[PDB]
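Colleague: One structure follows; several queries about it will come next.
Rule-based calculations on the coordinates, nothing more; no lab input. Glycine also receives a Cβ, built like all others from the backbone with ideal geometry; neighbour counts cover every protein chain displayed.
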Ligand SMILES: CCCCCCCCCO[C@@H]1O[C@H](CO)[C@@H](O)[C@H](O)[C@H]1O
Ligand SMILES: CCCCCCCCCO[C@@H]1O[C@H](CO)[C@@H](O)[C@H](O)[C@H]1O
Ligand SMILES: CCCCCCCCCO[C@@H]1O[C@H](CO)[C@@H](O)[C@H](O)[C@H]1O
Ligand SMILES: CCCCCCCCCO[C@@H]1O[C@H](CO)[C@@H](O)[C@H](O)[C@H]1O
Ligand SMILES: CCCCCCCCCO[C@@H]1O[C@H](CO)[C@@H](O)[C@H](O)[C@H]1O
């Protein structure tokens, strides 16, 4: 018959979410409860009812006793897992109580940047049994699993946490146990508002103020320089994300400001060309130039907002 | 009954405070005194009264003797703890004297940037007993704990150090011992004064000098370029901090310079529009333009200083 | 006679491809099946038919039994290989079943940037037997080897995966077994289109719009500044690649924009010099200046497209 | 009575001095000679007179023989100490000969940037005995300690090396031995001359050349832009140093160029305002403007040179 | 008498050459052949003639047998040496066959940047015997040592490889064996040509084209801005190299462009001052201004080329 292995995983800290590399890093405690009757022992009066072991000698004890332990893997782990504690407490009964305190990076393959920076992402940790379900079956260790109260993450905000069990077929032909700790997190928009939206909007608004000066040459030079500023913001954004094969809401927004600014240069070159090809006309054309600018940006804003919502 | 475990923690060095990642790094010595009568030994005349052990063989001796050691965790530790010394001295009595010299990063979840750069922060180290208070009770090892005299931190200045004991319920249902080393540190303002305040103030003051040249076009071009410079300083500041969900005193200060500069462009466009819509007037309007500038910045400065103090 | 060693390698994750350093990083599982009759054992009823060992004690068992294991090396590995699992399952028969879960960087020496960013690259992992083919022969472990379904790579797209066996002569004079896991990957052009092509094309197109303003001085200043922008893009590109000894398609493209922009400055200086050396002429010369610009870029485009295709 | 422990430390390489983090990194060999009569042995003819041990088994031999070794700590060490060799050679006499080859970062808390880049710094390595002077006394191992002949440091130049012994009271109430390897190093000014002094001086000198063009507006625009360039150099310098709480000679130098440039803008605005408020006057005022510039920078240079020397 | 230790070192990969830190990184295989008659063993018919050992148990076997192994150090190694394989094969004879597969950084103290980027550098690996020549003598293991055929280095190109033996006196008074693997490598100029020479030459050439426009003010503004561009290229170069105490050919080249550009500003200010102090003169002076520019750069080019060749 298969022995129940009680898996518990608790994330104490989120040391960071690296969206460029699509991974996240946590400080966590893994807890396992497993009754192996073969490991049971008799004790004399005064001798302890609970034997405490360093994982190293406990595994050496299992090999001696010819017992198979529920060998597991953190399926989505990346790099080195720095350990803090790897402790076993064995009861007279044969109940193994294991605690694994670690710091580790995990793959975040659920990353969908299509609505960035208004995106919500899924992060998970996969704990797999190397041995199949006929030998060991993972069960949910009750009242332990989840996320702590001092995670230390400032940009992201965890919306919900879930735990479930599923099968995997990584090394075996038959199904094998898999414990899942899943969490959803959305972004704090403050950075994007302060460093990207407000500056881009200011550049556009204060640039429009200068149309009231009535100098066509100055306008063309202003829109030309604005175009270079947006090209620069385009690089600022690209540095936050991986070199995706798809368009972001942010990408569409920047490409949008390029297209409008390109057309502002085109329009004002065209209006100056009309002045040159024929006083009351001059001031009549000026009205189009001044009212074109806000209408072009308001038309662009309605285009993205429709294309993404 | 529970055995007293004497915890002592001394921070020799502050290898750095990383405010972007909200963690800090220290070189520290952990000292433990624990009397276990079961570990007592008899010695012959001339044979040593104190046995010195490498942690590895000492733990192997405890497992042999079926003794439970006060297994502890640095609760707020992050990543790898690089060890220098892990030495045990066991007296004839059974008094275990442990020394743990390490370099490690620790989570700084008490980070409040709301008044940055005039902020004071709390940094702590949590040492938790894995076993509950019925088995082991942490006591304060007197005359050891604290912070050294060559911490090597240049930006920060430690205001006070404290040590206290508390309970935690991390792995157990019953209360478990927790030793706390807390320290408060405030910032040296010299960097911010030299690299941010003085430059921003100079750009504003020397830009005002040019108003006395009496060219409205040149003023609009000056404020426009100044706006771009502040957008650039805005990115310089954002790189020091995490992508917070809240507004900083620094953030308010930069958004403030944007708003005033935006209004300077607006005002000077408006004053040039007034000149155009009707000599003594010209020079009368000029007085408003020249006196507007200092009043706008002095009004902005009074707004933030009120909003934050 | 030589014993068959069954090699299986599966890449679960592509943690990244670093083209500047010409290496790649993976999370992978190595699986080995090897029958050693000497390791066979007899068991009593109830005693397990499969013995599970930590690599450490299994190798200690081989040394004891004076047995030689199929010592292997990942020939193209770089730096530290962080291990997750190193587990042995030994059957009554003497069939050793080994699993090696690791994270590691590997040399990518097949990097050909000649057609970058339209390039396709070869990535491989070499598993070599230290002992020659007369002792051990590598065989392909069927139904395991390949690449997973959640690799997590966003810029690159895997076109095909292959496994084959070959000989090597690294440490021996006689041939020795080598297992190869090869994969081809092409690039997602979206980043290059959004951040390099569209901006460069916009700068060129909107700059041409201003020729219709009919100011020769303004044109020379525009082309001069455009040249500096391309010099800046030239540095942006150079940061993505190693300091190659050969010319890239991208390199040719940027050198191309330099040459045309240099000639635009030369041509417009020449046309202004013609105006100065002799009204209907002025406007006749203007036609050449305006039609020169698109023809020069269309001539350049045809030159690279011919030189590379 | 106390046993003499002979400490020898030789720095083979200076892998770098990181002034921003106030630490330095070395490749070094630690050598210890210690006679423990208890470790003495008898040998048969043909059997070796010197027993060679890996530190691991030598410490296991000491624990067996119940001997206390002179446990030491590198007091100012930071992070991980990567070891190359840890070898023991035990003579028939009981003379332990230990060699420790390592790569490690050490705290440089003696960093005084007040006269940077004309600064001289003190770097040291502290080797402390964990046990007090009544048990073990550190002595200077003659003819070994110092700094090698291929250190590999290019910016810094070692002026002198010293070795001495002192007491410490880190873990004990009674004095404990401390071995000190100290070295002084001064900086090669070439980088600062080529990248900071020459450019700043050129910008100032070639900007003065344009005063001979006799355009007041052009001068104000030139000094304004120069001010921005110095603000940029100010950030270039700040990146080399920690965020100190004190003013550097370099800091004073840059603040100096700001103040003079601010006054150049002020003066030329004032002189243009004098022209406007009343031909031979014009050309008379021009002389003040042209001779002001060199006198202002020569007055600034005399101010810093007095304030720091 | 002394026992011959056969050293073989083969570099499989050059993971990089870091010229800023003056070190290089390799993947290499170290091979040792050493006959120790004391390690010889007798075997029964059918029992193996070759015993295979993990370094750990082989060293434990040497300590047991009271044998001294040829303890060695990679003298110029830096940081951690990540190992792949550490395997021993012991023949009936007592012939120890050792293989050490590693990834490691090594000090490159032979770095001479005086002719950069036209420089050729020496890179080496030093393998030293800890024990002197009376105990162990290093010999060249024939047909193994050298550099592989898939080094993966793109900027550098290996000109020649050499192996030799020498003495050292690092830990001993008497001479001790040292094995040396040396290689010379020169640089691929393509990066410097594409990113530094072509842009600098273009800026100079296209700037000269505008002299034919005949505007003295525009020329002074052009040379002024060019000076700032070169100051920027000066920082781009400085980032590639350490903060050397000597002048590079590249450094001389950039300082050269500063001096000429400074003189171009000086000359054109002077020529405009001559126009102002006295039509056919105007156009006569113009010839000097236009022909000065190419002569000044051609004179500068001949100065460096003479000073360095
Ligand atoms: C920058 C947006 C500010 C709008 C208000 C108009 C004042 C002028 C701002 O400066 C100008 O900005 C252009 C575009 O960025 C540059 O081409 C130009 O060289 C620079 O002098
Ligand atoms: C900018 C702070 C210094 C103010 C002193 C006045 C002299 C001119 C300085 O150059 C100015 O730089 C801005 C930013 O690039 C441009 O927008 C502006 O058109 C330009 O005139
Ligand atoms: C940038 C191309 C945009 C084309 C639209 C025409 C308006 C002017 C854009 O500003 C230009 O920016 C360059 C930046 O280097 C300067 O050198 C150049 O003198 C300036 O005129
Ligand atoms: C700038 C140092 C070299 C001085 C030599 C005189 C020629 C003009 C150089 O161009 C200057 O470039 C600055 C860039 O910031 C502008 O602000 C300023 O208005 C402009 O005149
Ligand atoms: C840049 C070299 C190109 C040569 C061809 C002349 C066209 C004008 C290019 O813009 C120039 O950029 C310089 C650097 O910022 C400024 O100093 C200068 O006043 C400005 O006119």
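Colleague: Over what distance in Å are the Cα centres of region A:1-41 and region C:56-116 separated?
Modeller: Using only Cα atoms to place each centre, the spacing works out to 25 Å.
Colleague: Okay, next question. Any idea what diffusion coefficient chain E gets from Stokes-Einstein, in µm²/s, Kirkwood Rh on alpha carbon pairs, 25 °C, 0.890 mPa s? Could the numbers behind the result be given before it?
Modeller: Numbers: Rh = 24.4 Å.
Estimated diffusion coefficient is 101 µm²/s.
Colleague: Ok, one more. Hey, got the average number of other protein chain Cβ atoms within 10 angstrom for residues in B:205-218?
Modeller: Details: counts 3, 12, 3, 2, 11, 9, 1, 6, 8, 3, 1, 1, 4, 3.
Per residue, the number of nearby Cβ atoms from other chains is 5 on average.
Colleague: Here is a further query. Starting from a label point 7 Å past Cα on the Cβ side, list the distances from residue D:149 to the same position in the other copies, nm, shortest first.
Modeller: 4.1, 4.1, 6.6, 6.6
Colleague: Here's a follow-up. Using Cα-only point scatterers and the Debye equation, what is log10 of I(q)/I(0) for region C:175-251 at each q in 0.16, 0.20, 0.22 Å⁻¹, rounded to two decimals?
Modeller: -0.79, -1.00, -1.09
Colleague: Here's something else I'd like to know. How much of the DSSP beta bridge set in the protein assembly as shown is antiparallel, as a percent to the nearest 5?
Modeller: 90
Colleague: Based on the alpha-carbon gyration tensor of the protein assembly as shown, what equivalent-ellipsoid semi-axes (square roots of 5 times the eigenvalues) come out, in whole Å, largest first? Each step should come with its number before you reach the end.
Modeller: On the way: eigenvalues 840, 267, 266 Å².
Working through the eigenvalues yields semi-axes of 65, 37, 36 Å.
Colleague: Under the rule of -39500 (n - 2.57) per DSSP H run of 4 or more residues, summed and divided by the residues of chain C, what mean residue ellipticity at 222 nm is obtained, to the nearest 500 deg cm²/dmol?
Modeller: Details: 5 runs with 102 residues, N = 309.
It comes out at -11500 deg cm²/dmol, rounded to the nearest 500.
Colleague: For region D:1-150, what D do you get in µm² per second when you plug the Kirkwood radius from alpha-carbon pairs into Stokes-Einstein at 25 °C and 0.890 mPa s?
Modeller: Details: Rh = 17.3 Å.
Rounded to a whole number, D works out at 142 µm²/s.
Colleague: Hull surface divided by four, with the convex hull built on the Cα atoms of region B:189-309: how many nm²? Working shown, then result.
Modeller: On the way: hull surface 33.4 nm².
Value for region B:189-309: 8.4 nm².
Colleague: Using a basic spin-label model with each label point 7 Å from the Cα along Cα→Cβ, how many nm lie between residue D:305 and residue A:287?
Modeller: So the two model labels end up 6.8 nm from each other.
Colleague: Using a 7 Å offset from the Cα along the Cα-to-Cβ direction at both residue A:57 and residue B:270, what is the distance between the two label points in nm, to one decimal?
Modeller: About 8.2 nm separates the two model spin labels.
Colleague: For region C:1-57, how big is Rg over Rh, using alpha carbon atoms and the Kirkwood form of Rh?
Modeller: Values: Rg = 18.5 Å, Rh = 15.5 Å.
With Rg and the Kirkwood Rh in hand, the quotient comes to 1.19.
Colleague: For region C:125-212, what is the largest minus smallest coordinate of the Cα atoms on each principal axis, given in angstrom and ordered from greatest to least?
Modeller: So the three principal-axis extents are 80, 31, 14 Å.
Colleague: On to the next question. Residue by residue through A:103-110, how many Cβ atoms from other chains fall within 10 Å of the Cβ on average? Before the final figure, lay out each step's value.
Modeller: Working: counts 6, 2, 2, 0, 8, 1, 8, 2.
Other-chain Cβ atoms within 10 Å of each residue's Cβ, averaged: 4.
Colleague: Still on this structure, I have one more. What is the distance in Å between the Cα centres of region C:209-242 and region D:120-161?
Modeller: Using only Cα atoms to place each centre, the spacing works out to 57 Å.
Colleague: Report the equivalent ellipsoid semi-axes for region D:86-139 in whole Å, largest first, defined as the square roots of five times the eigenvalues of the gyration tensor built from alpha carbon atoms. Please report the intermediate quantities before stating the final value.
Modeller: On the way: eigenvalues 261, 49, 15 Å².
With the √(5λ) rule applied to region D:86-139, the semi-axes are 36, 16, 9 Å.
Colleague: At 7 angstrom along the Cα-to-beta-carbon line, where would the label on residue B:182 sit relative to the other copies? Give the distances in nm, shortest first.
Modeller: Relative to the other copies, residue B:182 has label-point distances of 4.0, 4.0, 6.4, 6.4 nm.
Colleague: Here is a further query. Distances from residue C:133 to the same position in the other copies: list them in nm, one decimal, shortest first, using label points 7 Å from Cα along Cα→Cβ.
Modeller: Here the equivalent label points are 4.5, 4.5, 7.2, 7.2 nm apart from this one.
Colleague: Let me know the mean shielding of B:288-294 by other chains, meaning the per-residue number of their Cβ atoms within 10 Å of its Cβ.
Modeller: On the way: counts 0, 0, 0, 0, 0, 0, 0.
Across the residues of B:288-294, the mean count of other-chain Cβ atoms within 10 Å is 0.
Colleague: In chain A, what percentage of the DSSP-assigned beta bridges are antiparallel, given to the nearest 5? Please list the in-between numbers first.
Modeller: On the way: 64 of 71 bridges.
Rounded to the nearest five, the antiparallel share is 90 percent.
Colleague: Along the axis that rotates chain C into chain E, which residue of chain C has the nearest beta-carbon, and what is the gap in whole Å?
Modeller: Closest to the rotation axis on chain C: C:80, 7.
Colleague: Project the alpha carbons of region B:30-97 onto their principal axes and report the range along each, largest first, in whole Å.
Modeller: Projected onto the principal axes, the Cα atoms of region B:30-97 cover 47, 24, 19 Å.
Colleague: May I pose another question? Enter the per residue convex hull volume of region B:248-309, computed from alpha-carbon coordinates, in Å³ rounded to the nearest integer. Write down the numbers at each step before the final one.
Modeller: Working: hull volume 3.9 nm³, N = 62.
So the per-residue hull volume is 63 Å³.
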